[PDB]
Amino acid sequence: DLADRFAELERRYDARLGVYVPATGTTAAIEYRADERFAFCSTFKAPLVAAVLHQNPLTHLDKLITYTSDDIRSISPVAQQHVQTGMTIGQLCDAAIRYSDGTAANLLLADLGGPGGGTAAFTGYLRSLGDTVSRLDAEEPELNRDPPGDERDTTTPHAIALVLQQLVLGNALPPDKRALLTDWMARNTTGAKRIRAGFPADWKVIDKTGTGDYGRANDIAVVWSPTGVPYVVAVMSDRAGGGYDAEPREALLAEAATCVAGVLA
């Protein structure tokens, strides 16, 4: 019966909705278009920070990276201010998650090394977690522009939710590194009107947003009930019917999160 409300929200916004909440000991898994491919957009910037933390010790965050003004080719509120001074790997992680900095994301990919600017290394990291579906193929800002139906730079609510589960609630990272990733996601500034807006204020919310063309708007989050019970929420949406210039609807993600909160209560 919850599937009829999701299909009702799809009618209201002219969108395609993907939702997945992994099942716990007391609740059944919520699925709606869970195993259908959706575009990553900025969603990968959360497991990417975990990938750099995974292959390098904590002192590697102090290595200073220098770049030129020609390297800034996407939304970069922080990288635009340090083209003369440079930015350390640690500040690049903080900028990539808390501000969705596109230039810091591309530099992190080059820090991962390998073919394709690091896209092969990143997909290789996801496979080590058990995700044999998702794949990253391009860098910013091209990874938001793939046409509908293309399998490049895609994930599924089923796949990305289980990856986020291991990184925040699981053992994919040691505790000291797990604390830095969770704290950055906790001080995010770009998700105030999506999943966070659909849950009551006494629920703690950490999230990482994504936005692209074709009206694509994603938000992946970990929420804590007022008692302290954790859940993983993956909400993804696109509006392919409207073309390349379709505007994303933030209210859709906030509404669907209220539907999930009513079930988990």
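Under this definition, the rigid core comprises the largest set of C-alpha atoms superposing within 1.5 Å between the forms. Position 1 is the first residue in the sequence shown; the rest follow in order.
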**Asked** Which stretch is more displaced from the shown form in 5 other deposited structures of this protein, 210-218 or 61-69, with RMS over structures and residues of Cα positions after a rigid core fit?
**Response** 61-69
**Message:** So, in 5 other deposited structures of this protein, taking the root mean square over structures and residues of the Cα distances after a rigid core fit: is 154-162 or 83-91 the more displaced stretch?
**Reply:** 83-91
**Complete:** Stretch with higher mean Cα temperature factor, 199-207 vs 26-34, is 26-34
**Item:** Residue range whose averaged C-alpha B-factor is higher in the record, 160-168 or 115-123
**Value:** 115-123
**Asked** When the CA B-factors of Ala105, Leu129, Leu136, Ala186 are compared as recorded in the entry, which is the largest?
**Response** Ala186
**Asked** In terms of the chain's CA B-factor thirds, is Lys45 lowest, middle or highest?
**Response** lowest
**Request:** Give the position of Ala265 by CA B-factor within its chain, expressed as the lowest, middle or highest third.
**Result:** highest
**Asked** What third of its chain's C-alpha B-factors does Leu53 belong to: lowest, middle or highest?
**Response** middle
**Fill in**
In terms of its chain's C-alpha B-factors, the third that includes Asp71 is the highest
**Request:** Rank-wise, by C-alpha B-factor, drop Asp101 into the lowest, middle or highest third of its chain.
**Result:** lowest
